[PDB]
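Protein chains: 2
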Amino acid sequence: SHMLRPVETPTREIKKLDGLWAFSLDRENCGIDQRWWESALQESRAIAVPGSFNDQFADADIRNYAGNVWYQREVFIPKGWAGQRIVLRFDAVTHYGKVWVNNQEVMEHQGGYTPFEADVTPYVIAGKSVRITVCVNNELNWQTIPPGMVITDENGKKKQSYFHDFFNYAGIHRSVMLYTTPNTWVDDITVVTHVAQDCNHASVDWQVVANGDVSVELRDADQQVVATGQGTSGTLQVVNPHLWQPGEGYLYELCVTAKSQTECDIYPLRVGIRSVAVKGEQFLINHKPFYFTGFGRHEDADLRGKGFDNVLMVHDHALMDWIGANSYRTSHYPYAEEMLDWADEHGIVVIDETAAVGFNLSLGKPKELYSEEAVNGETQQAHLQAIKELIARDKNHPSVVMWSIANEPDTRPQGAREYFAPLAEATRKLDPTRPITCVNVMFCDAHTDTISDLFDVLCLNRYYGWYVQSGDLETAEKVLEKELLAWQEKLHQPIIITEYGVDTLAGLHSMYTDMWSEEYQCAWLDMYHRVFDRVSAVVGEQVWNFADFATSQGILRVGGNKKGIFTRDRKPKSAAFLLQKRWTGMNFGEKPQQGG
Amino acid sequence: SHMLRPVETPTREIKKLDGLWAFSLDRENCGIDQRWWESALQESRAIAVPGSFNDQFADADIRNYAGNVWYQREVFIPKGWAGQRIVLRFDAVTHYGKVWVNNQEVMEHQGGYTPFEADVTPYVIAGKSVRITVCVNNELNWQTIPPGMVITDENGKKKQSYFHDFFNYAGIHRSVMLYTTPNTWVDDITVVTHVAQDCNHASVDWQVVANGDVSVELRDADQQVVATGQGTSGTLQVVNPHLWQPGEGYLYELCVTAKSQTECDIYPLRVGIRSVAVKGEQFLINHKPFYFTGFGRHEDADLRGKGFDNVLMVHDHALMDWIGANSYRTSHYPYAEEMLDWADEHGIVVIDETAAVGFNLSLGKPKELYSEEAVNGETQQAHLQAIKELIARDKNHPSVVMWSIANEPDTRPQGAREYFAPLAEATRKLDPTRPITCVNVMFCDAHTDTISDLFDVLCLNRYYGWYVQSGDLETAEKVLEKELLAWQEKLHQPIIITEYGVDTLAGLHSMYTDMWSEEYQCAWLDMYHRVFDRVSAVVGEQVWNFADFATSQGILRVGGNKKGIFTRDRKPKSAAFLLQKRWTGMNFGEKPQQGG
Ligand SMILES: O=C(O)[C@H]1NC(=O)[C@H](O)[C@@H](O)[C@@H]1O
Ligand SMILES: O=C(O)[C@H]1NC(=O)[C@H](O)[C@@H](O)[C@@H]1O
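Have a look at this one:
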C-alpha cells in the first residue's frame, strides 16, 4: 500500500507505545487453534514495548526461542475520536505480525523493519477499551527477507539458523500506535527536488488524497510561503532555494491539504531541496563531489535487542557528531524512521538498506544458492516487496542519497545475475531520483563478481589483514590497493568502502600491535586510510562498526562482534580518537588530498 | 497539592514524554530575565525525555553543569478534551522546574523525585498547538533535599558540591503527561487494610470528591463486586480475606465513583489486603514473621542517567526475581511509581525512602551540622515537605511496608535528636499504618548513636571489613557480631541490614581473596551471612548495591561505585550466584536456621 508518517495536527496519535504489555511464549503452537486473541493472555508476564523480547528477561530459553510469541494489551479509544478515520499502526514488528482487535483480525505483515497499519474505524467504538493481541513470528526461511532455515530436531523443537552476522532479535521493536484522520485524507506524497547550479530550482509534487482536492504550499524554516500549487496531483514549484546540505540540512516544509466538500485534511512534509547524482567516479550532492565518512551501524544495545530508544539515539548522534562522521548506512535492515528524521534535520547523509543480507552460503546446506530449494522466484518477489516497502517509506527523506538492495550476496554463480538484474531495474523504476547499489562481499572481488555493473556506485566490504593476510598490514595494504584499482578500471564508478574494521577487545593492549588489540585496530584503519587517499575512485569510508553488537554464538565471535569503535555501552576504544582526528581534520564533505 | 496516579477510564492522558524536546543550557542565567519561554529556544538541540540531561551528549561540560537548563516542546491539544479538566503532570523533574504554556507561568516545584500537577484548561485551546517551556535547576543547598553547597569560582562559573555518594543527575527523569478529567472529579483517596488472623477483614476508604457523591465499589480481580459503600467520605468493607501476600501479591480493585448532575468521574484504585507491624524483635507480614532479602538499589543506567525506562525495569525485576530478592529500598530518593505498581502487582516488598541523604559531614566547612549555617528549621521543613509528598504519593501502595525518613544522618552532633524527634512525630501521624525508620551510618554505632529509639525498625548500613578492618574477615566478623548483639540490648527492635557491601571489579580475580576481587565479595558476603543468622534480632539483608552506579569523581570511586552485585550493564559478578543460592535455598519470607 501507501505509507505516510503519522504527524499531528488535524490528525492525532495515541501512543500505546506505552511499554507494558502482556507476553507469553507459544511453545506448543496452541495459540491460533485456541484463539488466544479471544481472551486475556494466560500465563503472561510483563514486557516492554518498543523492544526486542529476547534480552528483557535475562533468560537463555526465551532468548533462543524460535516460533510464536504473544503480546497483549487493553487500550482506550479517545472519546473525541467520534467519526474520524481511526488507524492502528505498527512501525515495526520483527519478522511477522498478526494483529487482532477483540477477536477481529485486522492486519498481517511479513517484514521485520517497516510499518504496517489498518483502518480500524469500523472495529472500535470511541470511549471504549479494546483488547489488542499481536502474534509475532521470528522464523526465517528461503522466502523471508532476510533468509534462514529453521531446523527442527528429532524432538520437534525448532532452532533458527541464519547466515548474517547479527543476532536474530525479534518482537515489537518500534512504536505501535493508534492514529486519526478525517474521512478525506492525504495518504501518499512523492516529492522530487531539482537544482540547477544552485541559484534556482523546481520541486515537483505528486499527491494521492483519498477523496480530496489538494493544494500545496512551501514554507521556509522561518515559516513564510515561498511557493504555491494546485494541480492537486502533479504540481511543480520554482524557488530561489536554501539547499538541504550535508553540513546543515536546511528544511523547507510542504503543506498538503485534502479538501472534501465538508472535510479538511492537513499534512506537513519536511522537504530538503537537494540533488543526488553520480557523475563518472564522483558522488555529487547539490552538484558538488562529496566524500562519505562514518559508520555501518546496527540497531543494538544492552537489554534492548533492536528496540528503538530516544536516549540511545540522542547519545549515538552526539558520538557520531563528535567523531566527525558525516554519514552512515542502515546496515542490514531499514532503521527506525526517527533516525531518518534526525538525519534530515541535521544534514546527515544516509545509505538506506533493505533487510536483504544472508543471500550467501559461503560467509563462514543447499548446494545451489539460486535454486528452487533456496533463492528462487518467490524469494525474488519477497525481495522486490522489501524494496517497495522501504522506498515507499523513505522516498521523501532528503538524507537518503542512495538505496542499497542487499548486503553481500554470493555473486559467483550464474543466476545471481538472473536474480538481481530484475531487482536493479525495478528499484530504479521505484525511485528514479537516487543511485542504487548492492553491497559487495570480499570474496566476490573485482575479477569474480558478476553483478556490480548493474548498479551505480560500488560499495565494498573489505577485510584484508583480518580474515585474510591476518595480522599482516604490509601485504594487506598491497592486496587492498591492487583490488580497489582493479574495480576502478573495471567499472569507473564511485567506490565507497562501506565496511572496514577489525575485532578489538577494549582494554586489550599490545606492544606487538597484533590482532584484537586496540593498537592493531588503530594501525589497521590507518593503513586502510593511506590507501583510500591514494585512490581517486574512493569517495567514502564507513568503518565497520559504530559499536560492538550481539551475534549468534560461535568460535569467531567473543561474546559478539567486536569491531566497534565504541563498546556496546558506548565507551570509546582508542581508535575512536584516531577517527576523530582524520574526520574533524578534513575539509567537511571533502576528500583528503592524499597527504596530511 | 492533592496527588493521584493518572489512569485511563473515562479519563484520558497524552504523554508528552514522547521524547524529543528542544534543550539548551543557560550558562549566562539570562533565561528567566528574557522570558525564553515566549519564543523557540535558540542554540537549541534535541534531548530525550524521560532521562537525565547529563550523559545524553557524551560531553563533560554538560555533565558537570550547574544551574538552569531549558526544556521546550510543542503539543497539539486533543479535540475531544474541550470543557474537560486538563491537568499537566510531571512525575519528576530533578531538583526544580518552572513551567510556561505560551508565556503563561503555570507551576513551580522543589524536589526531584515526586510529581507536580496543575490545571491548564484556561491557558490552552483544544485542537491547537501550545508551546511548553520548562526551567530545570539542579543546584542544591542547605534548604534543599538532599543538601549541598554550590561554589562560584574565581572565574565566575558555578560548581556543585554535595555529600551523598551517588552522582547528581538532573533533568526530566520521569514522564510528562497531559491529563483529562470531568469538571467534577476525584483528586484524592486513602485506603487502609485491617486483617485479624487472616479471617475476613476490612478496608476503610476515605476519599475526596471535588463536588460529587460517591458509590465506591470494591471489585475482586475478577471484577466481581464483593463489597460496596456510599459514604464517599468514610467506610469499611469486610469479607473472607484473600491476603495480599509477598509470594504472589494478590490485589483487589476499588472503583471510586464521583457524581455530579451532568458528569460522573470513575477513578480506579488497586488494593492489597495485608498487615504490617512490629512485635518486639520481629517484622510481621500479615501477622506473620517476615525476613527481608534483596537490595539497596539506585536509579542509574548507562545513557539515561536516572531517567525511567521500561526495558530496564522489566530486566531488573527479572534479575531480582531470579536471585531471590523479595525486597528492596528506594535508596536515597523515591523511585518511579511504576516500580511500586510492579512491586504491588508481583508482591515485592519495598522499604520506601525519601531523598534526605547527606546530612552528615563525616562520610568522606560548616562547624555545626544542626545550625543556622548547615541544617536549620527551614531545612527541617523541606525534610517534612519531602516526607509529606512521598507519603501523599505512596500511602496507597501496598508494597510499601515501611517509611525510611532518611539515610545516614550524623546523629553525634548536638541537636540531632531535637531534629529527628519532631519529624518522626509528624510522619507517624501522616501514616499510622506503616512502621517508620531512619537508616544508620557505621560511625554512629550502638554506644554513640542517639535517635534510634524514635523508630520502629533498626536499619543498619554496615561496612566492617571494608572501610575499617579493611580486608580482615576475622576481626570484622567479631566487631560485626558484638555490634549486632550490642544492638539487641540497647533496643529489642527488629534489625534489618539495609546496606552490606564491597567494591568489586568485575573480572578481578585473586587467589589471595583480597579487597576488590570477585572472590572477596563472595567471602565477605558469606561472612556477614554467618553472623546475620546467629542474631535472632536480624529480620533482613539488603545487599549494597544491586548494580554498579555512577558517583561524583574521586580517589575512592573507580568506575563510580563498584559494590554492585551486577555491573551497570547488568552482568553478574560471581557474587550473584552466591546470593542466588542462599536466597532461593531459603523458605520464602523466613529466616535460616542459624545453621544450614
Ligand atoms: O564479519 C564482519 O565483521 C562483517 N563483515 C561483513 O562483510 C558483513 O557485511 C557484516 O555483516 C559483518 O558483520
Ligand atoms: O559507600 C558505600 O559503599 C555506600 N555506603 C553507605 O552507607 C551509603 O548509604 C551509600 O550511599 C554508599 O554508596
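As given, the protein sequences belong to chains A and B, one line each in that order. If you use PDB author numbering, the first sequence corresponds to residues -1 to 362, 370 to 601, in order. If you use PDB author numbering, the second sequence corresponds to residues -1 to 362, 370 to 601, in order. Backbone N, C-alpha and C define an ideal beta-carbon position, used for all residues, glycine too.
Less than 8 Å between CB atoms is the rule here; does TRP320 of chain B satisfy it with respect to chain A?
yes
Quick one: list the residues of chain B neighbouring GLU373 of chain A, beta-carbon separation under 7 Å, in chain order.
The contacting residues do not exist; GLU373 of chain A stays about 42 Å from chain B at best.
Taking the alpha-carbon of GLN598 of chain A as reference, which of A:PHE554, A:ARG539, A:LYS568, A:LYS393 has the nearest alpha-carbon?
A:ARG539
Using a Cβ-Cβ cut-off of 8 Å, state whether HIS313 of chain A counts as contacting chain B.
yes
Please report how far the alpha carbon of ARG433 of chain B lies from the alpha carbon of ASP220 of chain B, in whole angstroms.
35 Å
Helix, strand or coil: which one does DSSP assign to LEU252 of chain B?
strand
Could you tell me which residues DSSP pairs with residue 364 of chain A in its beta bridges?
Within chain A, residue numbering steps from 362 directly to 370, and residue 364 of chain A belongs to the interval with no atoms modelled.
Out of curiosity, what's the CA-to-CA distance linking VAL563 of chain A and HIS0 of chain A?
Using only the alpha carbons, I get a separation of about 42 Å.
Cβ closer than 7 Å: which chain B residues qualify as neighbours of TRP242 of chain A?
Using a Cβ-Cβ cut-off of 7 Å, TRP242 of chain A is close to nothing in chain B; its nearest Cβ partner there is about 18 Å away.
Identify which residue in A:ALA38, A:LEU513, A:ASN100, A:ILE570 has its Cα closest to the Cα of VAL128 of chain A.
A:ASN100
Does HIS534 of chain B come out as helix, strand or coil in the three-state DSSP assignment?
helix
Where do the N-terminal and C-terminal ends of the alpha helix (DSSP H) with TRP340 of chain A fall, by residue?
335 to 344
Per DSSP, what kind of secondary structure is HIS313 of chain B in: helix, strand or coil?
helix
Quick check on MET147 of chain A: does DSSP put it in helix, strand or coil?
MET147 of chain A: strand per DSSP, three-state reduction.
Would you tell me roughly how many angstroms separate the C-alpha atoms of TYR167 of chain A and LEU138 of chain A, rounded to the nearest one?
12 Å
So, helix, strand or coil for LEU478 of chain B, using DSSP?
helix
Where does the unbroken beta strand (DSSP E) through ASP185 of chain A begin, and where does it stop?
Looking at the DSSP string, the run of the beta strand (DSSP E) that includes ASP185 of chain A is 183 to 191.
Hey, does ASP186 of chain A have any beta-carbon neighbour from chain B nearer than 8 Å?
no
What is the DSSP secondary structure of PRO180 of chain B, reduced to helix, strand or coil?
coil
Would the C-beta of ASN566 of chain B count as close to ligand 2, meaning under 7 Å from any of its heavy atoms?
Relative to ligand 2, the beta carbon of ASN566 of chain B is positioned inside 7 Å of a heavy atom.
Considering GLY590 of chain B, what are the terminal residues of the alpha helix (DSSP H) in which it resides?
580 to 590
Along the chain, where does the beta strand (DSSP E) that runs through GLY382 of chain A open and close?
First-last for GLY382 of chain A: 382 to 399, but that is the alpha helix (DSSP H), not the beta strand (DSSP E).
Relative to ligand 2, is the shortest distance from any of its heavy atoms to the C-beta of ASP519 of chain B smaller than 7 Å?
no
In the DSSP assignment, find the beta strand (DSSP E) that holds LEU463 of chain B and state where it starts and stops.
463 to 466
What whole-angstrom Cβ distance do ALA323 of chain A and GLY292 of chain A have, given they're in contact under 8 Å?
3 Å
Any beta-carbon of chain B closer than 8 Å to the one on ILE45 of chain A?
yes
Just checking my contact of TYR265 of chain B with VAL544 of chain B at CB under 8 Å: how many whole Å lie between their CB atoms?
About 36 Å separates the two Cβ atoms, so there is no contact after all.
Using the Cβ count rule (16 or more neighbours within 10 Å means buried), how would you classify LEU374 of chain A?
buried
Give a yes or no on whether 8 Å exceeds the smallest Cβ distance from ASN308 of chain B to chain A.
yes
Checking contacts by CB at 8 Å: is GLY245 of chain A closer than that to chain B?
no
Quick one, which residues of the region 2 to 20 of chain A are near chain B if we go by CB-CB under 7 Å, in chain order?
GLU6, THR7, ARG10, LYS13, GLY17, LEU18
Kindly list, in the order they appear in chain A, the residues whose Cβ is closer than 8 Å to that of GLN54 of chain B.
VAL309, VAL312, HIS313, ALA316
Counting Cβ pairs, one atom from each stretch, are 3 or more of them under 8 Å apart for the region 570 to 582 of chain A and the region 545 to 560 of chain A?
Yes: the two stretches touch, three or more of their Cβ pairs being nearer than 8 Å.
Taking C-beta to C-beta, are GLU261 of chain A and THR182 of chain A nearer than 8 Å?
yes
Would you mind working out which of A:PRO287, A:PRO577, A:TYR326 sits nearest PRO499 of chain A, comparing C-alpha positions?
A:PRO287
Which one or two residues does DSSP pair with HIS107 of chain B in a beta bridge?
B:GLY95
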